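Have a look at the structure below before the remarks.
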Amino acid sequence: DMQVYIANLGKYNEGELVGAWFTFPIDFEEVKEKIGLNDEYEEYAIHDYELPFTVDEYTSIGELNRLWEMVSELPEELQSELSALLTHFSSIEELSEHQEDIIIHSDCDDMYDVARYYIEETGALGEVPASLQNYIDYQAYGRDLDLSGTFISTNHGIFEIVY
Amino acid sequence: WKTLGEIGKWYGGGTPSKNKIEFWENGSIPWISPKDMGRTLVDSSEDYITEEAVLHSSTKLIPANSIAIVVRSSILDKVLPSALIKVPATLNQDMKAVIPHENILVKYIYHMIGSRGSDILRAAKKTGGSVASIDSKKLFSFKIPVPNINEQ
Amino acid sequence: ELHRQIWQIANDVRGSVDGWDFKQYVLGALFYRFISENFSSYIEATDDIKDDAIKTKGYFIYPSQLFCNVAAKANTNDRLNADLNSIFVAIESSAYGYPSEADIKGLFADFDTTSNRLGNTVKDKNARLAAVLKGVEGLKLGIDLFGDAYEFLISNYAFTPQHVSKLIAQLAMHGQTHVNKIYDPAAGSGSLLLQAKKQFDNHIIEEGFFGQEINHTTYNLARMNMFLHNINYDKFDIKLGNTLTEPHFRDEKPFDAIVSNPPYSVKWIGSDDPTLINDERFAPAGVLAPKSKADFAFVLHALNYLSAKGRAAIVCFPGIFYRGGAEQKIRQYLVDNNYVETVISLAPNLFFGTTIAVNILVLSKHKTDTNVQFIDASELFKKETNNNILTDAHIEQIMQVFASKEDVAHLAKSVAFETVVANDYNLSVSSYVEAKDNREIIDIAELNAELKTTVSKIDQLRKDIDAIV
Amino acid sequence: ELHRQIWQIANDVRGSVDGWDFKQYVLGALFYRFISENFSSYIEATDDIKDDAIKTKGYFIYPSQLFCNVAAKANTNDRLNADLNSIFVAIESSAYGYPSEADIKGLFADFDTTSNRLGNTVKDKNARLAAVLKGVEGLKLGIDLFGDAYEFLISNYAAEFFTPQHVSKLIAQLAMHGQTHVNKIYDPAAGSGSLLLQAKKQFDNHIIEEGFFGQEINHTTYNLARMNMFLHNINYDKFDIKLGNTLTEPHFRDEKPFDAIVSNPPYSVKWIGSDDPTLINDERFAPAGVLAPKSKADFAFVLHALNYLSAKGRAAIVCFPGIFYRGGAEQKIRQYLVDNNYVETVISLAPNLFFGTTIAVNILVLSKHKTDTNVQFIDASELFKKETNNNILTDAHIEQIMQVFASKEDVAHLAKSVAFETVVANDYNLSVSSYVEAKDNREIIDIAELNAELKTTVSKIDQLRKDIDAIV
């Protein structure tokens, strides 16, 4: 989980291929003793990674630990679905802005359940007469909430990006 | 003409995990819902969520002199519900809570909310035509008359 | 009578399945009858209610120069009617292919792709097509009220009712006789471009009513839609496919007025699977739209194809609300100049198979220099089912509001640009003026209070008397 | 948690089109997947997932008898799913003929109406086969209802009868008692017979005797319901389902006068008489006297159900609650049912406890095993009629319902047996007895009185001081 194959720019063609996997936190001198040096300093050749997100080929290791600390900052159900949540967003501090603004639904599993939750148990309208009990179009209600609300269908539930 | 929310650090709330059976059944902190709302002076709600649930609920602990407010599901159309919450109780992101600070009377703050309800509905009014409703923004951004502590 | 023939369509041809399946067959027979009547009328300019097989190529090139559909010598619907109720089916399948040969010039064809068919057996297919052709044949259609039947038949229960389209047209039109009009991105039907010709029967056509559309059956019915309204051959065509992927014509040209009706949150996977960051239409945005919407691609596409008198009247669900910093910088680039000028919100429903309030964005490369919103919530005449209709001169009231930047209470107005940047770039919280506010006088209430308390007290002591144990 | 994963796969394979054509994909792929499990596991004894001409159909005629196919020796899920740009087009309607026809023996035709050979394009078509059947090839375990996705692909509109499994469990545990007998089992008007699956694949080592001669109208529904049980090892060598309408064709009329049956009679089961053919003078509507009308012909089915009946074995049916006795048009019908105890017991239920009805039904249990007394042993609730995530094994009630159905357990706030002559004394209660004593409170005059008195006396001085403060 969350480990990188990063060495080295010396012998740029992935010659001097060393340094297998580095879980976080990752140090300059730790990897430097892992690899030696390439007679100078041109290292952390990002070429492979077990990460739940998208990383770049020249990201500095301090930025990597920064990203990891932002990952470890977030709750683990969100850490499981960072791939889905980052589709709406573009960065993690951006995600850390509205990290309070996520509605989690383990209880709701499709849009129908979202409609039934926000109508029935929320009580968004009050009266459910027995003459009117069946007669609440959860499908169209979910269509209209899908038009309005930013929704994300995931494995562990449905995540509503409300602002 | 004190602008809203500046009298005391009002809170947001915080939503737990309902699958945490230890953090959903036991304990005695009253878990407050907007269907528990609509009443007046609800010290304790119907739901009794766990006292250890604050490990995995991200809520706000409240004193005996807090007030509550909703931001979903009934306003954008009507006047806002409000209740005087009086125990240490907790609440989600479906609604919010206000504690005032020292420049005030919390009953005067409560009834300043309820009094200006016909206009503080209008204050941050739409902010989405969804079940999503009135923001925090102009719920923080309106000048109301707030007198001195001898006059509340 | 108009509604009598509408009633004839609403009963007679409706058989014997769901209308979306036999719709193609009905409209194909209707269109064939139209070409029959039109071609027979044209060849009289001497009694061809029955033809003659004397086809002259030096003369038959003149419809191919002129109407670009030589039907046949004697294969029209008037001439089908004698051989109606006879073997066989595919004479119409032939008489589709032959007039659609016509390669000279600018084909506007590949077109009558309806009847295939189902059908279960060949005699059943023959009897059904004979019934359809007789029922189309058994109508009382005079000569100009022909497209109205198409207007009704496309307005089955299942599409942008005519007053809303008229509102878009009047928003598209003031102080303007200027080639060209029009371009349409994501046209759907040509029903909204129908009113373009009702405007352009007045002076003249200017250029072709250019559309592009995705669904191929919708494409065919739209092409025959704007064919049926006596619209000339030369200019008036629609391209098939997505506009987000491959818009054309890119080169032709910066336009002068454009309308739309985009779909509801249809997705697109292109950000950035090609280099759409470095295109000509999404690059001044700086970011691309997410996959849960498409509308801003349409509006940047729109303002790309736009002149000094270029205006853009587009519709939206309220997904343009604020929706975050990328959507902010969309809105910001719009309010970077007077690109967007006015917005107009309506009231729910007003739309088929739909709920929500809709929004009407008006765009121009033209100074104001501020945003003057022109918005009501009522009225919005909501008496005929359901918010129907914005009646005749009810829309003219709204256009008069649109006319010169008015500031009417309980109605929207100008805002400052400094206000809306002081605002977080929103719509349409300003203004939303304060309906249904009432208050009363003390003395009536308190005298009723004291008298009912006295009634209550004497009833309470009377109840105490009634407390008999 | 595993069915959460399988559930998410069931959600995601629905992208991007509905299970009308994905019917063909799921059924054919899961069918040959079952073949490559079972039939190929017969010929493992370790060699091939990539199966080849190792079948020896001269000796592999035994699963062509027992599994009722040699399916595809050279056309496997591996031997058809590899590439792009091949020859040829046509692999999904007609010419897998040797498993589809398969006349020798026990053939059970319209068996392979999903995907044989045609066919639209070159390898858009056959590479659709390649890529999609390869993405389905690896859908592993993560097996009793391993087509839970198929139990949700048939439930795609169902999130009209599509077998609510709690009701199905209720019928199967209410098939009890007096059940270890022959035959096992008959079903008229079956439809999606997975109620038969939890009725017999549950009772597999218990008792397994005979075939399940269901009969439904919709032919695609018929075929999918036929192979549905066969998906998870319910044998279709001879244990089969017949096609047609149940009154025009009540085959088998000869085999036999049945003993134990179940059914769910749906709606859309009405028919016009009354009767124009010799069903005016048949074996079942001449005992009825008056005959089944154009609309309410649900009451014919119980007339059918007594037609296939014996005294020991009991029969559970259901009807939507448009039976009180439905006037003199059905009174004698009801009276025929109380001529003797042809009907034995009735049970009511709770709305909804179905897929969006929201009405109850009436369970009618019929045997000629008499006491004799009228039975009204019903219970509306509870019957926790919320969903299937609380009280999942028992409803805390199926043993209690079982005990009431066992012998005459007459518990209050629940209805009990009445006299056989009481139902002809009354005008045929179905069911008004008993419905005992909800929400009847009673309080103390002094407590309700003095408290009101005190709170008024609070309110009077509150009114007076309010008037004081009402001064500006």
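We name chains A, B, ... following the order of the structure tokens; residues begin at 1 in each chain, and ligands are numbered from 1 as shown.
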
**Message:** Please check the contacts: residues of chain D at most 10 Å away from chain A, using only C-alpha atoms, listed as a ChimeraX atom specification.
**Reply:** /D:1,4-5,7-9,11-12,159,352,356-358

**Request:** Find the residues around residue 280 of chain D up to 12 Å (only C-alpha atoms counted), leave out those fewer than 4 positions away in its own chain, and share them as JSON, numbers by chain.
**Result:** {"D": [272, 273, 274, 275, 276, 284, 285, 286, 287, 288, 289, 290, 291, 292, 293]}

**Request:** For residue 25 of chain B, work out the shell of residues within 9 Å, counting only C-alpha atoms and skipping chain neighbours fewer than 2 positions away, then give it as a ChimeraX atom specification.
**Result:** /B:20-23,27,47-50

Generate a file of the selected residues that holds C-alpha atoms, formatted as a JSON list (two decimals), in the first residue's frame.
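Writing done, so here's selection-v4.json:
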[["chain", "number", "residue", "atom", "x", "y", "z"],
["B", 20, "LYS", "CA", -20.59, 1.58, 14.07],
["B", 21, "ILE", "CA", -22.96, -0.42, 16.28],
["B", 22, "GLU", "CA", -21.04, 0.50, 19.43],
["B", 23, "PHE", "CA", -21.27, 4.15, 18.37],
["B", 27, "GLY", "CA", -24.38, 5.72, 25.61],
["B", 47, "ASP", "CA", -32.14, 9.23, 19.76],
["B", 48, "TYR", "CA", -29.58, 8.22, 22.40],
["B", 49, "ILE", "CA", -26.27, 7.79, 20.60],
["B", 50, "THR", "CA", -23.09, 6.66, 22.34]]

**Picked from segment 152-354 of chain C by DSSP as helix (DSSP H, G or I), as a PyMOL selection string** = chain C and resi 152-154+162-172+191-200+216-225+276-278+295-304+325-336

**Request:** Determine, counting only C-alpha atoms, which protein, DNA and RNA residues have an atom within 9 Å of an atom of residue 121 of chain A; residues of the same chain fewer than 4 positions away are not included. Present the result as number ranges by chain.
**Result:** A: 116-117; B: 35

Restricting the output to N, CA and C atoms, write the selected residues as a compact mmCIF listing (two decimals), in the first residue's frame.
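Written out: selection-v5.txt:
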# COMPACT_ATOMS: atom_id res chain seq x y z
N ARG A 116 -35.45 7.67 -1.46
CA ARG A 116 -36.27 7.15 -0.37
C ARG A 116 -35.77 7.63 0.98
N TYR A 117 -34.46 7.81 1.13
CA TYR A 117 -33.92 8.35 2.36
C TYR A 117 -34.30 9.81 2.54
N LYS B 35 -35.98 15.85 12.24
CA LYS B 35 -37.30 15.40 12.66
C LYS B 35 -37.45 15.43 14.17

**Request:** Hey, list the chain C side of the contact with chain D: 12 Å cut-off, only C-alpha atoms, answer as a PyMOL selection string.
**Result:** chain C and resi 442-443+446-447+449-450+453-454+456-457+460-461+463-464+467-469

**Prompt:** chain A residues within 7 Å of chain B, counting only C-alpha atoms: which ones, as a list in words?
**Reply:**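 The complete set of qualifying residues is residues 122, 123, 124, 145 and 148 of chain A.
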
Next, write the just-selected residues to a file, as a tab-separated table (two decimals), in the first residue's frame, keeping C-alpha atoms as the atom set.
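For reference, again-v9.tsv as written:
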chain	number	residue	atom	x	y	z
A	122	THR	CA	-35.55	12.83	6.43
A	123	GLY	CA	-39.18	13.88	6.28
A	124	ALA	CA	-38.71	16.50	3.58
A	145	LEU	CA	-31.45	15.34	-7.59
A	148	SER	CA	-29.07	19.31	-9.23

**Item:** Exercise answer, chain A residues close to chain C, 12 Å and only C-alpha atoms, as a ChimeraX atom specification
**Value:** /A:86-90,94-95,97-98,137,140-152,161-163

Atoms kept (C-alpha atoms) for selection, written as a tab-separated table (two decimals), in the first residue's frame:
chain	number	residue	atom	x	y	z
A	86	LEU	CA	-10.58	13.20	-7.29
A	87	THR	CA	-12.51	12.93	-10.58
A	88	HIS	CA	-14.67	15.84	-9.47
A	89	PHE	CA	-11.75	17.74	-7.98
A	90	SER	CA	-8.20	18.37	-9.17
A	94	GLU	CA	-8.84	21.42	-2.91
A	95	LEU	CA	-10.36	18.23	-1.53
A	97	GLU	CA	-11.35	22.51	1.46
A	98	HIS	CA	-14.65	20.68	1.06
A	137	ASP	CA	-41.85	8.86	-7.69
A	140	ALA	CA	-37.97	11.07	-10.99
A	141	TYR	CA	-36.89	12.44	-7.61
A	142	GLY	CA	-33.52	10.81	-8.14
A	143	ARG	CA	-33.36	12.17	-11.68
A	144	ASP	CA	-34.00	15.68	-10.38
A	145	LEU	CA	-31.45	15.34	-7.59
A	146	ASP	CA	-29.00	13.97	-10.16
A	147	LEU	CA	-29.59	17.08	-12.25
A	148	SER	CA	-29.07	19.31	-9.23
A	149	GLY	CA	-26.70	17.54	-6.87
A	150	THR	CA	-23.19	16.32	-7.56
A	151	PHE	CA	-23.39	12.59	-6.86
A	152	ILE	CA	-20.74	9.89	-7.04
A	161	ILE	CA	-20.67	16.54	-3.02
A	162	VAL	CA	-22.98	19.18	-1.66
A	163	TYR	CA	-21.53	22.63	-1.42

**Message:** For residue 66 of chain B, find every residue with an atom within 7 Å (counting only C-alpha atoms), except residues of its own chain fewer than 6 positions away, and show them as a list in words.
**Reply:**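 Everything that qualifies: residues 84, 85, 86, 98 and 99 of chain B.
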
With C-alpha atoms kept, could you save the residues just selected as a PDB file, in the first residue's frame?
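Dumped to out-v2.pdb:
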ATOM      1  CA  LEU B  84     -33.090  25.351  23.052  1.00  0.00           C
ATOM      2  CA  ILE B  85     -30.702  22.453  23.444  1.00  0.00           C
ATOM      3  CA  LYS B  86     -29.667  22.141  27.061  1.00  0.00           C
ATOM      4  CA  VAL B  98     -24.811  28.172  17.679  1.00  0.00           C
ATOM      5  CA  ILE B  99     -23.161  29.031  20.946  1.00  0.00           C
TER       6      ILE B  99
END

**Request:** Would you return as a ChimeraX atom specification the members of segment 65-97 of chain B that DSSP assigns to strand (DSSP E) on this structure's backbone?
**Result:** /B:66-70,84-85,90-91,95-97

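Near chain C, counting only C-alpha atoms at 10 Å, the chain B residues are residues 118, 119, 122, 123, 124, 125, 126, 127, 128 and 129 of chain B.
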
With only C-alpha atoms counted and 12 Å as the cut-off, give the residues of segment 32-140 of chain A in contact with segment 9-19 of chain A, each with its shortest interatomic distance in Å and the pair that gives it, as JSON lines.
{"residue": "A:32", "atom": "CA", "partner": "A:19", "partner_atom": "CA", "distance": 9.2}
{"residue": "A:33", "atom": "CA", "partner": "A:19", "partner_atom": "CA", "distance": 9.5}
{"residue": "A:34", "atom": "CA", "partner": "A:19", "partner_atom": "CA", "distance": 5.9}
{"residue": "A:35", "atom": "CA", "partner": "A:18", "partner_atom": "CA", "distance": 5.8}
{"residue": "A:36", "atom": "CA", "partner": "A:18", "partner_atom": "CA", "distance": 9.2}
{"residue": "A:37", "atom": "CA", "partner": "A:10", "partner_atom": "CA", "distance": 8.2}
{"residue": "A:38", "atom": "CA", "partner": "A:10", "partner_atom": "CA", "distance": 5.1}
{"residue": "A:39", "atom": "CA", "partner": "A:10", "partner_atom": "CA", "distance": 8.2}
{"residue": "A:40", "atom": "CA", "partner": "A:10", "partner_atom": "CA", "distance": 8.1}
{"residue": "A:41", "atom": "CA", "partner": "A:10", "partner_atom": "CA", "distance": 8.2}
{"residue": "A:42", "atom": "CA", "partner": "A:9", "partner_atom": "CA", "distance": 5.1}
{"residue": "A:43", "atom": "CA", "partner": "A:9", "partner_atom": "CA", "distance": 4.9}
{"residue": "A:44", "atom": "CA", "partner": "A:9", "partner_atom": "CA", "distance": 7.1}
{"residue": "A:45", "atom": "CA", "partner": "A:9", "partner_atom": "CA", "distance": 5.5}
{"residue": "A:46", "atom": "CA", "partner": "A:9", "partner_atom": "CA", "distance": 9.2}
{"residue": "A:47", "atom": "CA", "partner": "A:14", "partner_atom": "CA", "distance": 9.2}
{"residue": "A:48", "atom": "CA", "partner": "A:19", "partner_atom": "CA", "distance": 11.2}
{"residue": "A:57", "atom": "CA", "partner": "A:9", "partner_atom": "CA", "distance": 11.1}
{"residue": "A:58", "atom": "CA", "partner": "A:9", "partner_atom": "CA", "distance": 10.2}

**Message:** Set the distance at 7 Å and use only C-alpha atoms: which residues neighbour residue 108 of chain A once local chain neighbours fewer than 4 positions away are removed? I'd like the list as a list in words.
**Reply:** residues 113, 114, 157 and 158 of chain A

Take the residues that were just selected and, keeping C-alpha atoms, output them as a PDB file, in the first residue's frame.
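Saved as selection_13.pdb:
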ATOM      1  CA  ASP A 113     -32.318   4.638  -1.992  1.00  0.00           C
ATOM      2  CA  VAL A 114     -31.109   8.244  -1.943  1.00  0.00           C
ATOM      3  CA  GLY A 157     -21.879   3.811  -0.819  1.00  0.00           C
ATOM      4  CA  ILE A 158     -22.915   7.016  -2.550  1.00  0.00           C
TER       5      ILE A 158
END

**Request:** Excluding residue 128 of chain C and any residue of its chain fewer than 6 positions from it, enumerate the residues within 12 Å of it, using only C-alpha atoms, and give them as a list in words.
**Result:** residues 13, 15, 16, 17, 22, 25, 26, 84, 85, 88, 89, 115, 117, 118, 119, 120, 121, 122, 134 and 135 of chain C
